[PDB]
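S.K.: One structure, as structure tokens, below. Some questions next.
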2 protein chains.
Amino acid sequence: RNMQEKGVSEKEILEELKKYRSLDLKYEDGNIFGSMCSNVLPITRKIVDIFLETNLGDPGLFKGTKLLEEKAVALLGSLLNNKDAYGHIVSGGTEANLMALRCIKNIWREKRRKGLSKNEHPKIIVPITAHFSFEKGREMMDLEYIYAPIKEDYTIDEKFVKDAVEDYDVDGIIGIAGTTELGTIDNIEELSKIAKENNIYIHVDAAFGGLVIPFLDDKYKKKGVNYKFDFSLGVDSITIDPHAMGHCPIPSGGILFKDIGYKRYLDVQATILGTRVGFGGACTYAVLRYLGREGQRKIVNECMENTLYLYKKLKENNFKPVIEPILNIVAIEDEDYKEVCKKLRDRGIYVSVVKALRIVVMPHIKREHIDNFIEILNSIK
Amino acid sequence: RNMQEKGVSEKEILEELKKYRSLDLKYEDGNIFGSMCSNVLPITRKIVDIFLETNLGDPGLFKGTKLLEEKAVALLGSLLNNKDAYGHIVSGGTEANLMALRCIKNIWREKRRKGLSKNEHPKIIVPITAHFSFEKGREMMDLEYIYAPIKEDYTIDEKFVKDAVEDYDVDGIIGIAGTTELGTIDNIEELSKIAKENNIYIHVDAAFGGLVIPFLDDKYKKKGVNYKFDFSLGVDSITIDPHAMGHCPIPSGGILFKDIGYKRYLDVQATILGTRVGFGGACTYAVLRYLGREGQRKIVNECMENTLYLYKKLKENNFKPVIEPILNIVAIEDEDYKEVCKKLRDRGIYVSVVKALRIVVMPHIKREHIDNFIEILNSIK
Ligand SMILES: Cc1ncc(COP(=O)(O)O)c(C=O)c1O
Ligand SMILES: Cc1ncc(COP(=O)(O)O)c(C=O)c1O
Ligand SMILES: [N+]
Ligand SMILES: [N+]
């Protein structure tokens with residue numbers, strides 16, 4: 001516990017660390033059911049080693065690692081239908097969302113300096129399903145949120161947004177492509193039309209869904225759900241995280257803006273962090289190149305196959321999924337959800353907690369794990 | 001540049017990445033003279049591999065990695081004379097400073113809710129030598145800074161601070177233990193007395209110096225410079241970064257608060273980031289344990305030996321250091337500093353840019369590199 005005068009040997013400290021690591025869960029062990037992280041693609045371990053001693057906070061010293069960040073951003077942009085995107089491979093979806101909020105706020109500041117806004121703080125429409133990073137941004141940056149309600153399918157009420165934009169002077173709209181709790185997809189196409197018609201910035205949070213939705217086989221797509229979310233809709237920015245469904249090591253988050261014109265509104269380097277990893281960009285570029293669309297499609301639809309297997313097994317055992325799954329996320333309605341979560345923990349099953357248990361069917365979740373999960377859950381009931 | 005349907009082999013993508021890495025500089029090659037990062041302790045590469053698939057954003061899944069973060073914080077706290085510190089191993093000094101600012105701001109908010117502050121925004125005294133992360137915080141969080149001037153020795157003017165605290169209602173004071181440009185140490189002892197006597201929060205930015213100052217041999221300490229900066233002075237928080245002079249891989253920053261009572265003012269998890277590495281805490285704990293005070297002392301004073309060698313060689317060659325060095329940082333006065341920096345770049349010497357060139361004598365800078373540097377600089381002149 002205290003700092004010591006004398007050092008210890010490598011063998012002593014590594015065996016201590018391994019003892020602590022043995023207290024952790026591991027993704028591959030059939031314990032973790034409620035996380036949007038998973039095992040990294042094995043090749044990334046080598047890449048992390050190669051790029052460990054780089055720093056994208058000083059890109060003039062690491063020109064190649066900086067180029068690889070630009071290439072990673074370009075590949076994500078291509079996936080999102082935008083060959084001119086301006087962006088960064090940042091620390092995660094939180095920093096990405098915070099940077100989009102900073103941009104929204106600085107567009108507002110410029111208006112305020114010209115007398116073109118009656119808002120004393122940026123006014124941003126945010127669905128109540130938004131990830132907590134949006135609350136961190138509100139709290140830090142003194143934003144005013146207009147919380148948008150959700151419809152029966154748990155997607156943002158587009159008519160509310162349109163009415164609010166008519167009633168109020170609005171500085172930004174947030175839409176979510178893959179909500180944290182349920183994996184639902186807001187109607188970005190309609191939100192983007194509202195935004196374009198009213199000259200309002202729109203940010204899409206695709207932290208999770210951005211690397212799932214473009215790869216979904218048709219049999220997993222649902223009638224009447226719109227899967228369009230990217231720059232083909234003319235949106236201003238998109239968060240999309242390789243360390244979620246991109247199989248990249250933390251920290252690998254992504255923020256893309258429609259073009260380089262947005263960079264000036266990130267002025268105070270454009271990232272929140274200063275000193276920052278170079279291996280995230282290298283891993284993001286390398287994994288997307290190594291897999292190609294074919295390899296990512298295979299992984300995404302394997303997860304969707306296991307998601308629909310879990311959904312089927314749940315109904316067969318008389319459990320009530322909140323919704324038919326859209327992405328590789330299923331939630332189980334339960335009034336005793338807190339106690340059931342604890343009882344599951346006691347038996348080696350870690351879900352997250354909507355009066356529901358959330359299951360994220362990442363690539364580490366296999367059929368045998370779902371079978372084991374159902375068996376344990378029945379026993380609890 | 002575009003996303004492709006077909007993937008590529010591991011050999012193809014690794015050889016592409018290695019070609020980009022070959023465009024980077026490497027710390028050990030005698031090129032990088034102006035960075036506060038350096039080579040990591042080799043043992044950390046193994047630790048990164050062991051802890052790569054952990055996430056301190058979900059510490060209930062990684063109990064051992066979470067304990068190692070707590071142990072890392074405790075070892076830093078012990079080094080800083082505080083066995084009860086509450087803190088986190090975060091992404092860097094920027095996030096650490098931003099968290100201290102959030103705490104300052106939320107203490108102010110509570111006062112505002114009670115009518116105990118006439119300030120419409122937190123008012124914080126910040127020396128003009130402060131790192132740019134403080135500007136990021138100001139810009140995001142709408143802080144009001146009272147910029148404190150520096151004295152002839154480039155440390156904060158304590159009389160200005162005292163006068164300002166008498167004149168104004170002040171919500172926070174920043175002092176720097178190891179300035180970014182010159183490595184100077186503010187008079188934290190006096191600033192802490194002012195702060196305590198007036199019930200003002202004081203944050204110490206020891207991002208760089210926190211892992212240098214406690215290890216300085218007496219022959220490097222200068223008469224009349226006060227080296228006291230830590231919790232023995234009763235300060236409220238300290239930033240201290242293992243990925244600077246702790247030889248830990250990015251991301252390994254540190255933020256410590258005086259006790260657990262500060263955690264409530266970080267409420268909106270207490271970090272800015274969500275999903276976040278677990279290997280920083282493991283590396284921080286392991287490196288401090290592996291080295292002990294003896295091993296870190298050896299490294300710090302080796303750097304100081306090379307710093308004073310560089311200082312001596314500069315004067316012998318008629319160059320004008322800005323100051324006699326305090327930490328392992330020397331700056332060279334030069335009116336043509338921009339052009340000289342570019343000419344140095346062209347010859348393989350990368351310094352940073354006070355009309356001066358900044359040299360940070362990290363552990364990768366050896367005597368032969370300083371000799372080579374002086375030779376090249378003379379030739380330019
Ligand atoms: C929709 C969404 N956005 C953003 C985030 C934040 O991502 P991170 O934890 O990488 O900061 C989350 C994390 O899962 C999320 O679900
Ligand atoms: C004094 C000081 N504080 C904070 C920082 C920010 O640290 P980071 O780049 O790790 O965010 C710097 C970086 O060197 C610094 O010099
Ligand atoms: N998680
Ligand atoms: N640097």
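Residues are named by chain letter and number: chains run A, B, ... in the order of the structure tokens, numbers start at 1 in each chain, and ligands are numbered from 1 in the order shown.
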Please identify every residue of chain B that has at least one atom no farther than 8 Å from an atom of ligand 1, counting only C-alpha atoms and all ligand atoms, and for each give the shortest atom pair and the distance in Å to one decimal, arranged by chain then increasing number, as a tab-separated table.

M.R.:
```
residue	atom	partner	partner_atom_place_in_ligand_line	distance
B:57	CA	ligand 1	9 (O)	6.9
B:273	CA	ligand 1	11 (O)	5.7
B:274	CA	ligand 1	9 (O)	4.1
B:275	CA	ligand 1	9 (O)	3.7
B:276	CA	ligand 1	9 (O)	7.2
```

S.K.: Show me, as a Markdown table, the residues of chain A having an atom within 9 Å of ligand 3, each with the closest atom pair and its distance in Å, using only C-alpha atoms and all ligand atoms.

M.R.:
```
| residue | atom | partner | partner_atom_place_in_ligand_line | distance |
| --- | --- | --- | --- | --- |
| A:32 | CA | ligand 3 | 1 (N) | 8.5 |
| A:34 | CA | ligand 3 | 1 (N) | 6.6 |
| A:35 | CA | ligand 3 | 1 (N) | 3.7 |
| A:36 | CA | ligand 3 | 1 (N) | 5.4 |
| A:37 | CA | ligand 3 | 1 (N) | 5.7 |
| A:38 | CA | ligand 3 | 1 (N) | 8.5 |
| A:352 | CA | ligand 3 | 1 (N) | 8.6 |
```

S.K.: So how many Å separate CA of residue 54 in chain B and atom 11 (O, counted along the ligand's line) of ligand 2, to one decimal?

M.R.: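 Separating CA of residue 54 in chain B from atom 11 (O, counted along the ligand's line) of ligand 2 is a distance of 21.6 Å.
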
S.K.: Check every residue of chain A for an atom within 7 Å of chain B, counting only C-alpha atoms, and provide those that qualify as an MDAnalysis selection string.

M.R.: chainID A and resid 1:10 13 20:21 23:25 39 45 49 52:53 61:65 71 74:75 78:79 92 94:95 136 139:142 249:251 268 273:277 286 289:295

S.K.: For ligand 2, which residue among A:379, A:317, A:226, A:269 is the nearest when counting only C-alpha atoms and all ligand atoms?

M.R.: A:269

S.K.: With only C-alpha atoms as the atoms that count, which of B:233, B:130, B:380, B:125 lies nearest to residue 182 in chain B?

M.R.: B:130
